[PDB]
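Quick note: numbers below take in every heavy atom, side chains included, and nothing from hydrogens, waters or symmetry partners. Chain letters run A, B, ... following the sequence lines, proteins first, then strands; residues in each count from 1. Atoms within each ligand, like the ligands themselves, are counted from 1 in listed order.
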2 protein chains.
Amino acid sequence: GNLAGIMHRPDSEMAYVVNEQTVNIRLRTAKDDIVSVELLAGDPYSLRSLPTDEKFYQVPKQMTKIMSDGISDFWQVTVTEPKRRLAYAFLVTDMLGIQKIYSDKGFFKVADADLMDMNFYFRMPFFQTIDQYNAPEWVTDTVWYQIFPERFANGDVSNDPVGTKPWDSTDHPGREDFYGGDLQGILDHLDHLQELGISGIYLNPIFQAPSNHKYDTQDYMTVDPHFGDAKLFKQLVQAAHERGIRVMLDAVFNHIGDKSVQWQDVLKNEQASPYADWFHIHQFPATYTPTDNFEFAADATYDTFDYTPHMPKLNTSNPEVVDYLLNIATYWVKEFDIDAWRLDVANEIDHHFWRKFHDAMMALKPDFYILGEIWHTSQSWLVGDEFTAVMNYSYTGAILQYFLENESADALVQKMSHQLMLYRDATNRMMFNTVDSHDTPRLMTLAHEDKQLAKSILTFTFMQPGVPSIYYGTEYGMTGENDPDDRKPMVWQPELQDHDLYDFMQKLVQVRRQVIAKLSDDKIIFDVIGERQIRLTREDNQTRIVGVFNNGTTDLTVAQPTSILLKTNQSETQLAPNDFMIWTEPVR
Amino acid sequence: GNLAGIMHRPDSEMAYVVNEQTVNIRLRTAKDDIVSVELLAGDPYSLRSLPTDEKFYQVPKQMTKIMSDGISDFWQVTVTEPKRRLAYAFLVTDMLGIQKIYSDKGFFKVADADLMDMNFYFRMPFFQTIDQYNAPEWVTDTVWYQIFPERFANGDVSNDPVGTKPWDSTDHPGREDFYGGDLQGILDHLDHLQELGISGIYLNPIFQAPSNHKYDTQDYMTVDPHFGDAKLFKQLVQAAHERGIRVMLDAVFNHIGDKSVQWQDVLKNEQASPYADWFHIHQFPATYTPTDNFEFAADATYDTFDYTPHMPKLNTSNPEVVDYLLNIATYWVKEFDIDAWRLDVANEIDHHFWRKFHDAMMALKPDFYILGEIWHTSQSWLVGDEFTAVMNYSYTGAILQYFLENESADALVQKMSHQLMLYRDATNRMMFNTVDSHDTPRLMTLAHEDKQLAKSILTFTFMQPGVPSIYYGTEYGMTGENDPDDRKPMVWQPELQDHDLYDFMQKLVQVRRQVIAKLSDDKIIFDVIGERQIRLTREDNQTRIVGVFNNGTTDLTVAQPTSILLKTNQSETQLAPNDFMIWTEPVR
Ligand SMILES: [Ca+2]
Ligand SMILES: [Ca+2]
């Protein structure tokens with residue numbers, strides 16, 4: 001067999017605690033190289049301490065091949081052990097029938113393995129629930145809706161910025177435009193969110209800042225006055241909660257804006273500023289050479305987000321900065337009862353800080369949801385001690401690549417399988433899936449205004465393990481290239497709304513919340529059934545949901561389902577190119 | 001090539017911060033499958049934000065194959081980046097000349113890789129020294145000596161336990177015997193430790209407890225009165241420090257003894273005890289059925305170390321237990337200035353506790369040494385936020401297996417290489433190498449009283465990256481089977497001491513402290529030069545230390561070295577079976 005392709009990393013996503021007496025264990029092997037895997041496992045001390053002749057290694061446990069990413073196969077098994085201590089090793093057999101034991105000490109013929117020595121084995125030394133990953137149950141039933149507040153609704157002209165433009169959803173907004181959207185406008189349209197069926201709002205930043213996006217924070221402790229005030233924000237959160245809608249705010253903790261009190265003090269006082277060590281200043285005075293692009297300088301003497309001199313990086317290792325940020329994080333939760341924090345550029349802040357942040361948030365609300373913005377592999381933030389999940393851009397990006405280009409279905413399934421096997425099973429359910437956002441081109445533009453294709457992408461994404469989010473306006477087919485063009489004023493004029501797409505998104509949200517979210521500990525299966533034809537199955541012990549997606553250039557015939565939930569062709573058996581059909585069937 | 005054998009895990013021992021601007025990156029490949037690896041790396045934001053035509057991926061960095069474990073090859077490179085943000089990917093070429101790029105997104109032909117997208121790459125998002133692993137420099141120059149205090153020297157008969165036996169190093173001690181060793185006896189023989197050349201003492205537990213080993217703690221805040229008192233312990237630490245000898249105590253935090261106040265309160269008050277939740281009690285009253293072995297019960301209604309009813313497991317998730325243990329840990333450091341804690345059964349206590357323990361100790365002493373007792377892979381405790389090192393029993397165990405049995409030299413080198421590549425380079429230097437201890441048979445007994453073999457094992461171990469420790473009496477050739485027979489009274493009678501071995505150990509300690517410890521950032525090379533013949537090389541930029549070990553059954557001829565440091569044959573060119581020769585040569 002392919003020994004170099006076999007790996008088990010103890011105390012990781014391959015060996016983790018699910019509850020006080022139960023663990024999940026995974027093994028990686030080379031794809032289709034290993035025919036079977038059994039786990040030998042039990043209490044390490046039992047081997048030599050118990051007087052019985054029975055030994056734990058005499059009764060193997062079968063592992064199941066759960067996924068493949070085209071390179072490796074991934075095997076898993078759940079183990080219960082009342083003594084809450086586990087030693088384990090793997091019996092692996094290849095295609096030619098060659099069997100070896102694989103353990104912490106390496107590979108062995110069975111006859112050569114020192115199975116009576118607890119130290120031969122990999123170890124889960126004591127099952128520690130304090131160290132485990134916990135998924136908040138409420139997220140399961142959530143469909144999110146993301147609001148960029150400057151652009152959702154102007155509920156109050158009296159707080160509008162100077163130079164506010166007329167509300168026109170057909171505009172191509174510039175980087176520094178204002179349209180007057182505010183918190184009163186969100187409050188005014190909660191009925192729309194409830195009618196669409198969403199149950200969580202993700203707001204882009206709302207704290208005082210000079211820009212239309214407010215990632216260049218001036219004051220984290222104040223609602224931007226062009227958006228509202230503390231009383232209005234409290235009213236909004238209470239009104240959302242009364243409708244069953246939770247609220248997630250955007251925490252911009254990697255960097256602060258250059259008009260903050262703290263940075264302005266650095267500019268006045270140089271190294272004598274009480275805030276000098278709140279930043280990463282290489283040379284005083286803190287300077288840069290302006291360029292024709294306000295968001296770029298080549299030579300700032302301080303670290304910044306990207307290369308913008310207006311977003312000096314915060315030194316989150318400084319205890320005073322830690323205290324400042326934790327007090328902000330605590331304030332909005334304690335005083336306004338928000339349900340979650342989305343963490344902007346979360347990967348560029350240290351793990352030490354995020355552990356303290358986690359502990360502080362869980363002390364306030366044990367079911368708090370902590371969502372990191374990270375666009376690459378995020379294993380080290382998703383162990384159970386830092387974030388709940390990340391914005392799952394690598395996953396939705398693979399989906400977009402499949403539907404919009406000509407990849408094989410095999411390639412998509414391989415990428416999604418790779419992603420799922422990076423993380424604990426419960427973590428995968430908490431991932432935040434949005435096909436587009438304020439940082440991407442709009443779905444309907446990527447789809448070249450092919451509504452059927454847009455519906456296929458949305459439906460496929462809504463069937464995935466992660467929780468889905470709808471970027472404002474998706475439900476009416478809003479167009480836009482990347483930022484700033486993805487931030488058009490929300491389309492409230494019915495003549496400009498795609499009503500068929502809105503009806504469809506209502507139905508899709510209902511399939512997600514009433515069917516997909518109510519399966520019990522389901523298994524997901526990706527089957528490639530033909531060229532660019534995928535059958536997605538989610539199933540529990542009584543009910544199976546199946547989605548067939550035909551994204552080739554030919555028609556596809558399927559058996560007539562008894563219980564169709566959602567489809568795009570008028571036929572109950574025929575799928576034309578880019579059609580899909582979702583149905584439900586009992587498990588037999 | 002063997003794609004399933006290639007792996008890079010970001011934010012791990014394969015990608016870690018060395019200093020503010022410098023990182024080490026590793027890649028695993030299948031053994032001898034990949035001919036070369038180049039790293040493509042630079043600031044993620046530079047690709048699209050800088051106006052230059054130059055891109056970081058245009059100038060690859062060569063990686064070096066540093067080790068192989070017989071299954072995989074391990075490649076490494078050091079990267080400096082002033083912007084302190086790194087995106088990277090690997091250019092891998094196999095034996096047939098097939099080249100691909102390997103990144104966070106998978107494997108690609110170069111022409112198909114989206115090299116302008118920062119999210120294509122693996123990421124070190126910002127170099128965080130607060131998250132990095134730090135090795136305390138003083139450990140580099142240390143040779144440790146481990147004292148089991150009941151058995152090292154009786155410096156005071158007046159504190160002896162009832163039934164203390166005459167001091168006789170030829171006895172075979174029973175599990176419950178006492179010989180009267182105490183802290184005054186250690187103080188009395190500091191001259192012996194200084195003459196041997198050791199610079200650190202590791203003490204087995206010294207706090208109040210009823211047994212001869214004192215792992216069944218009664219009171220962590222009191223020196224056991226048969227050993228001494230607080231004034232005497234302070235005198236000992238100051239006398240050790242005056243000689244340049246640091247002091248490491250044994251922290252027994254997984255479990256407490258059943259004669260502790262806390263457990264006795266549980267026995268009196270059942271669940272109404274204020275200490276009920278300091279333990280893991282499944283059923284009250286806390287009970288067990290005694291057996292003929294005092295260290296075993298089959299049915300204790302509470303979790304224990306192993307199956308002994310006398311060592312109830314502590315619930316270290318309980319904040320009151322956390323506070324109690326941290327106050328103990330702090331007390332001995334603050335009040336007595338000890339230099340290190342050795343953590344008994346450290347793997348069975350949760351990571352959350354060990355992070356708090358780490359933070360508390362480093363706040364007292366930034367160069368504190370935290371040594372975990374773990375007999376299996378220990379990656380998750382050695383990231384930089386918990387322990388400094390572990391007792392390196394898997395490494396010394398592989399060495400013993402080679403010298404005492406008939407393994408190939410290839411097998412030993414593979415095992416040591418596997419071990420080193422589990423951990424960060426600096427971590428490997430901090431590992432605590434002891435060939436025997438109070439929990440193993442004695443070296444001289446494992447070697448069947450073959451002194452030459454014992455010398456070979458010690459010398460080979462002392463050339464390894466980790467810091468070595470001498471279990472008391474090794475220097476005089478003490479014998480013993482496993483516990484309790486490995487705890488004989490120290491041999492102070494010259495007629496019973498191996499003086500030739502003592503002289504040799506003095507010389508070996510000097511080679512370690514004066515030569516091996518004074519190389520500058522050396523590279524270690526394991527060469528198998530013949531059947532059971534190994535050439536071990538450690539070298540920096542000016543000086544190379546070479547050890548040749550002949551453990552076959554034939555003679556071995558080597559070139560006459562100019563500068564022999566240590567050897568066992570009278571010849572300067574001939575090594576008989578089990579001879580070795582260490583020499584030094586300039587690097588050219
Ligand atoms: Ca307004
Ligand atoms: Ca005594």
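Between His310(A) and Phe294(A), the ring-plane angle classifies as tilted under the 30° and 60° cut-offs.
Residue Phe207(B) is tested with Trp332(B), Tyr331(B), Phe253(B) for a ring-ring contact (aromatic ring centres under 6.0 Å, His included); the sole match is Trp332(B). Partner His255(B) forms a ring-ring contact (aromatic ring centres under 6.0 Å, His included) with one of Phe305(B), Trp263(B), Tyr215(B) and no other, that one being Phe305(B).
Here the Ca ion (ligand 1) has protein N, O or S atoms under 3.0 Å from it, and they come to 6.
Atom CG of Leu343(A) is separated from atom CE of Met248(A) by 9.5 Å, given to the nearest 0.5 angstrom.
Between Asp191(A) and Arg243(A), at least one side-chain nitrogen of the basic residue sits less than 4.0 Å from a carboxylate oxygen of the acidic one, meeting the salt-bridge criterion.
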Please walk me through it: do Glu150(B) and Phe178(B) pass side chain to side chain contact (heavy atoms under 4.5 Å, CB included)? CA-CA 7 Å; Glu150(B) 229 282 310; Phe178(B) 292 97; 3.6 Å; yes
